[PDB]
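Student: Before we start, here is the structure in question, set down as structure tokens.
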There are 2 protein chains.
Amino acid sequence: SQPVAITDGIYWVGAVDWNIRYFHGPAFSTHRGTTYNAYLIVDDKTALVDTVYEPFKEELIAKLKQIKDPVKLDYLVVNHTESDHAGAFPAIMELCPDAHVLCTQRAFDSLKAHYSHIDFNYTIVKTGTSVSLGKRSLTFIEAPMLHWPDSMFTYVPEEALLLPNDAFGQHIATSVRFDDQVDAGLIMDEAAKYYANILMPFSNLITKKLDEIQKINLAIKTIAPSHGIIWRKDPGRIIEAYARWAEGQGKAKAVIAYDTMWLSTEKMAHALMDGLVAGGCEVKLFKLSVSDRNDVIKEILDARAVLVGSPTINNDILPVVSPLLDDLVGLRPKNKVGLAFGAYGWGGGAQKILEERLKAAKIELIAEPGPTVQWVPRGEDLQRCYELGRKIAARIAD
Amino acid sequence: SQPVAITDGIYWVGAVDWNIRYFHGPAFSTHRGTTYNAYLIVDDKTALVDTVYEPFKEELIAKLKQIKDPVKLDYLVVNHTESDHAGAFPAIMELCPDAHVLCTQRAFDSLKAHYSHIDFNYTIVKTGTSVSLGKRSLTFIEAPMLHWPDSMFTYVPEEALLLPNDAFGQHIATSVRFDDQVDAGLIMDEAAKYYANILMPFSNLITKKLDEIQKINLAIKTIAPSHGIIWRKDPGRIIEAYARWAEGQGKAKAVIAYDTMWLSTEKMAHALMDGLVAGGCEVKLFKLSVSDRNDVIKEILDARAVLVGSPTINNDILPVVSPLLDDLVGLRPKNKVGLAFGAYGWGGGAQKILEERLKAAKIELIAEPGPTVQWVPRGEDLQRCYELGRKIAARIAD
Ligand SMILES: Cc1cc2nc3c(=O)[nH]c(=O)nc-3n(C[C@H](O)[C@H](O)[C@H](O)COP(=O)(O)O)c2cc1C
Ligand SMILES: Cc1cc2nc3c(=O)[nH]c(=O)nc-3n(C[C@H](O)[C@H](O)[C@H](O)COP(=O)(O)O)c2cc1C
Ligand SMILES: [Zn+2]
Ligand SMILES: [Zn+2]
Ligand SMILES: [Zn+2]
Ligand SMILES: [Zn+2]
Ligand SMILES: [Zn+2]
Ligand SMILES: [Zn+2]
Ligand SMILES: [Zn+2]
Ligand SMILES: [Zn+2]
């Protein structure tokens with residue numbers, strides 16, 4: 001209910017969404033909810049950075065009024081037009097029709113598309129343009145595809161405060177607002193789940209953007225994302241983390257995702273695992289119909305190997321395995337080795353689909369025609385799987 | 001615990017599985033459990049038709065012993081070798097090593113593969129062969145791919161009793177054993193869910209098999225499947241039902257499955273529905289992340305149209321939609337008209353994948369380049385969808 005000061009004149013005025021469990025419709029699971037962060041910069045001219053998910057507009061406005069009641073608002077920065085950030089746009093614009101919109105070109109187009117019965121003063125911004133608010137100013141950095149075509153970061157030079165919007169965020173609901181009030185390991189784990197399921201496809205753009213910011217030699221003292229905790233005590237950790245994850249070097253770890261109807265594919269999954277562990281590799285084993293797809297993807301971010309298994313039903317793969325595959329193809333895991341495996345009763349069929357989808361995900365198969373068994377595995381079948389796991393381990397080496 | 005008499009000398013000695021909720025691993029959902037039916041025919045020579053899911057072997061044996069204890073068993077018929085029917089094979093074989101196995105060739109192969117440290121006296125049966133037990137006898141009917149390559153039905157002429165194994169079964173747990181002790185509508189609905197998720201791919205084989213049984217002019221007074229209730233009062237209903245379902249004529253019904261992240265694809269789904277209802281069609285609308293895939297498939301059995309929608313995320317379809325698509329490709333719905341639809345933000349990508357998978361399922365698209373919208377639908381976009389639903393309705397005619 002109460003706004004939170006990041007520093008004098010700069011306040012957090014977002015909303016905490018405790019009960020949300022799924023974001024992007026079904027796409028992302030938020031075991032602990034999330035927050036919609038919006039920032040108010042007070043000065044000779046006051047600016048509001050981003051808004052809030054429509055169902056929480058009241059909270060935004062209520063918090064704005066607690067800072068100054070007849071909400072002033074000279075500028076309204078729109079870093080991103082998804083809906084969790086621009087949903088309260090109409091309400092804000094209705095509250096301050098004179099507010100001046102600062103956004104990218106693609107942003108402006110999206111804004112007219114999603115709302116379009118709303119007129120407003122504006123100025124298309126580009127990397128480098130800067131508006132003054134008086135004592136402080138806000139300069140912009142375009143971030144195309146750093147999630148969306150309209151993405152962009154807002155920087156406040158006078159404070160060395162970066163407002164990346166989605167980048168560097170984590171989906172987690174807390175009544176506490178800063179990284180120094182939360183467990184280091186838990187918040188970094190949420191940050192990894194976030195990156196892995198949303199930013200993985202743009203890892204190359206992440207490094208480029210990190211370098212650009214590196215060259216310009218931007219002084220970042222605090223990072224305030226649009227979701228989750230604000231990195232005020234140690235922005236370096238999250239920046240180094242993004243660099244490591246975007247580089248994609250990985251860790252001597254392997255993730256095995258699979259499912260079975262009668263356990264054969266499972267026994268193969270187990271043999272593969274034993275080989276991988278014997279080869280000195282950490283293994284995470286996921287039976288898909290009982291695991292969370294987003295938690296599996298999070299593990300794959302650091303993995304150097306991805307093994308996916310499934311029996312064949314009606315000449316196709318088991319439907320529970322489909323989500324993970326179509327999700328990998330779209331997420332485009334970087335620098336990963338893989339293997340497909342599974343049982344069958346007569347003609348087979350799942351192995352081709354598995355390898356097809358794994359290659360479409362640009363995952364290099366450690367073996368054309370991966371392990372396959374008819375009905376049940378026998379001693380040598382499991383031995384071969386064990387050797388294969390040992391082979392993958394040798395390659396993931398480290 | 002107690003065996004149940006179907007008629008003197010013929011007993012049900014299966015097991016009821018009340019707490020099972022997922023069969024075939026993740027594949028089939030059993031909201032109300034299931035049963036594993038096994039039958040004991042007592043005569044000069046006693047025969048046991050099928051066994052039970054391994055975890056319930058003790059129930060089988062306990063029931064056998066209540067009929068006659070030293071378990072006699074001269075013949076052991078194995079109509080099907082999946083594990084829910086042949087899992088207690090070892091235990092039975094160890095209880096009566098002299099038991100004579102009567103099965104198909106493919107069955108025999110499967111049996112040696114799944115067990116193979118178990119020897120037994122046997123005789124490969126073919127359609128028409130018949131063994132005598134004394135007063136009664138059992139004749140066999142091969143039923144390749146009527147689920148499995150090894151499938152076959154067992155017929156007892158003296159009683160006009162058919163023991164189809166999986167065919168005509170329903171996954172439902174009850175303490176009551178016969179169709180006349182259960183609600184006609186509820187049991188027929190379970191039977192439909194069963195057929196749609198398992199037998200749909202073999203509808204052509206179903207009618208051929210039904211005709212062969214028709215020509216031979218077999219007298220069927222009772223049908224005892226390997227799962228669910230025994231059709232003792234009205235086998236005709238279930239046989240007529242299978243005929244109608246296998247035919248695939250359908251009903252003037254349309255099923256719309258989809259999901260969204262921000263509601264645009266949903267608004268399209270709605271428009272399409274209004275057109276279909278206006279055109280005099282019954283509609284079932286399923287938001288996939290909140291519906292049971294097996295229940296959706298069940299509705300498609302009767303439907304003449306299948307509309308699938310999805311936005312595009314990372315140039316791909318939404319992962320929750322993948323299961324239904326890979327499941328339709330394998331199930332091969334017969335004589336269905338379809339359409340793919342969905343929103344997108346810039347490049348799109350889901351529409352291609354949807355149409356590709358829909359065609360792979362041999363579902364005739366009522367429009368290559370199905371309804372697609374960028375960002376949000378506008379008045380004419382919804383009008384167009386409405387017209388399309390109107391068009392499909394016209395074709396689904398009736
Ligand atoms: C409903 C059902 C459908 C099946 N369809 C096929 C099929 O089209 N092709 C095949 O080669 N095997 C098929 N099978 C056999 C399985 O692939 C085989 O039993 C395998 O051993 C099971 O693997 P799992 O123990 O890892 O679950 C099918 C089995 C079931 C129960
Ligand atoms: C994480 C995320 C990833 C996206 N990826 C793409 C993409 O690759 N291509 C595209 O054309 N649109 C993409 N979009 C935009 C959606 O397809 C678009 O917003 C659509 O309107 C959402 O449909 P809906 O309202 O039915 O959920 C993406 C949106 C989100 C939130
Ligand atoms: Zn409050
Ligand atoms: Zn509201
Ligand atoms: Zn106007
Ligand atoms: Zn082990
Ligand atoms: Zn009992
Ligand atoms: Zn047991
Ligand atoms: Zn042995
Ligand atoms: Zn309506």
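Sequential numbering from 1, following the chain as shown.
Any Cβ shown, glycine's included, is placed from N, Cα and C.
Positions annotated as Fe cation 1 binding site by Swiss-Prot: B:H80, B:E82, B:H147, B:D166. Summarising the annotation, Swiss-Prot assigns Fe cation 2 binding site to B:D84, B:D166, B:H227 and lists similarity to another entry as the type of evidence. Residues or ranges marked as domain 'Flavodoxin-like' by Swiss-Prot: B:254-393. What Swiss-Prot records for B:31-220 is region 'Zinc metallo-hydrolase'.
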Student: Between B:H227 (Fe cation 2 binding site) and B:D166 (Fe cation 1 binding site), how far is it from one CA atom to the other, in Å?
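Tutor: B:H227 (Fe cation 2 binding site) to B:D166 (Fe cation 1 binding site), Cα-Cα distance: 6 Å.
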Student: Only counting partners 6 or more residues apart, tell me which same-chain residues put their Cβ under 8 Å from the Cβ of B:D84 (Fe cation 2 binding site).
Tutor: B:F23, B:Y36, B:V52, B:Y53, B:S226, B:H227
Student: Which residues in the same chain, at least 6 apart in sequence, have a Cβ under 8 Å from the Cβ of B:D166 (Fe cation 1 binding site)?
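Tutor: Set apart from B:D166 (Fe cation 1 binding site) by at least 6 residues yet with Cβ under 8 Å, we have B:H80, B:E82, B:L146, B:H147, B:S151, B:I198, B:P225, B:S226, B:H227.
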Student: Tally of helix, strand and coil residues over the domain 'Flavodoxin-like' (B:254-393) according to DSSP?
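Tutor: In the domain 'Flavodoxin-like' (B:254-393), the DSSP-based counts are 67 helix, 33 strand, 40 coil.
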Student: Which of B:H80, B:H147, B:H227 has the fewest nearby Cβ atoms, counting only those within 10 Å, among these binding-site residues?
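Tutor: Minimum Cβ neighbour count within 10 Å, taken over the binding-site residues B:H80, B:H147, B:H227, occurs at B:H147.
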Student: Give me the sequence-ordered set of same-chain residues, not including B:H80, B:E82, B:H147, B:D166, with a C-beta within 8 angstroms of the centroid of the Fe cation 1 site's C-beta atoms.
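Tutor: Other same-chain residues with Cβ inside the cutoff are B:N79, B:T81, B:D84, B:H85, B:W148, B:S151, B:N165, B:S226.
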Student: Per DSSP, B:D84 (Fe cation 2 binding site) is which: helix, strand or coil?
Tutor: helix
Student: Taking the Cβ of B:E82 (Fe cation 1 binding site) as centre, how many other Cβ atoms lie within 10 Å?
Tutor: 21
Student: From the binding-site residues listed here (B:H80, B:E82, B:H147, B:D166, B:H227), select those whose CB sits under 6 A from an atom of ligand 7.
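Tutor: Checking each Cβ against ligand 7, none of them comes under 6 Å.
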Student: Quick one: what's DSSP say for B:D166 (Fe cation 1 binding site), helix, strand or coil?
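Tutor: It is coil.
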Student: Determine which residues of the same chain, besides B:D84, B:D166, B:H227, have their CB within 8 A of the center of the CB atoms at the recorded Fe cation 2 site, and list them by sequence.
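Tutor: Neighbours within 8 Å of the Cβ centroid, excluding B:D84, B:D166, B:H227: B:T34, B:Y36, B:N37, B:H80, B:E82, B:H85, B:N165, B:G169, B:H171, B:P225, B:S226.
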